[PDB]
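We begin with a single chain expressed as structure tokens, specifically the form deposited in one PDB entry.
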């Protein structure tokens, strides 16, 4: 089977780990005990094609560059995650896009823009159409997620990234 290395990037606190842990462990990050953790690897069927997904969950704080650098270098595709309740995380999408292309030395690369935390309806700052505009600007797909139970579009997000990788 092919292995797809999927790298999750975005500002601190946007829910990169929450999306990853929901995808693999089917639990919300707050309820999770990382004590017994290992790497995020699964065998799964996408569009009638079995694959191994190896997910690399970056820490979002600027302090942690070695992890982000290495992870970016080895990635086959990226989720650029922001929180719809955090305007700065959305503005930082531009920087993440540029950073990925710099690390890859390519002018395009498999990516999906992920607007997380959409369950927080009364706290939402970044609109659906704002997200769609940002994605369209870079000619990348846009998807809204929630890692909080009940999860929204979590499996679809990772599966769609594989679809983009396959069809590039």
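C-alpha atoms forming the largest set that superposes within 1.5 Å between two forms make up the rigid core. Numbering follows the first chain given and starts at 1.
Here the subject shifts to the form deposited in another entry, a form of this protein not shown in this document.
Engineer: Using a rigid core alignment, state whether the CA of residue 139 is displaced by 2 Å or more between this form and the one not shown.
Structural biologist: No; residue 139 is a residue whose C-alpha shifts by less than 2 Å between this form and the one not shown when the cores are overlaid.
Engineer: Answer yes if the Cα of residue 129 shifts by 2 angstroms or more between this form and the one not shown on a rigid-core superposition, and no otherwise.
Structural biologist: Residue 129: C-alpha displaced by less than 2 Å between this form and the one not shown.
Engineer: Taking 2 Å as the cut-off, check whether the CA of residue 108 shifts that much or more between this form and the one not shown after a rigid core fit.
Structural biologist: Comparing the forms between this form and the one not shown, which are aligned on their rigid core, residue 108 does not shift its C-alpha by 2 Å or more.
Engineer: So the CA-CA distance for residue 60 and residue 108 moves by at least 3 angstroms in the other entry. Closer or farther than here?
Structural biologist: Those two alpha carbons end up farther apart in the other entry.
Engineer: Explain in one word, closer or farther, how the Cα atoms of residue 60 and residue 15 are placed in the other entry relative to this form, where the distance changes by 3 Å or more.
Structural biologist: Relative to the displayed form, residue 60 and residue 15 move farther apart in the other entry - a change of at least 3 Å between their C-alphas.
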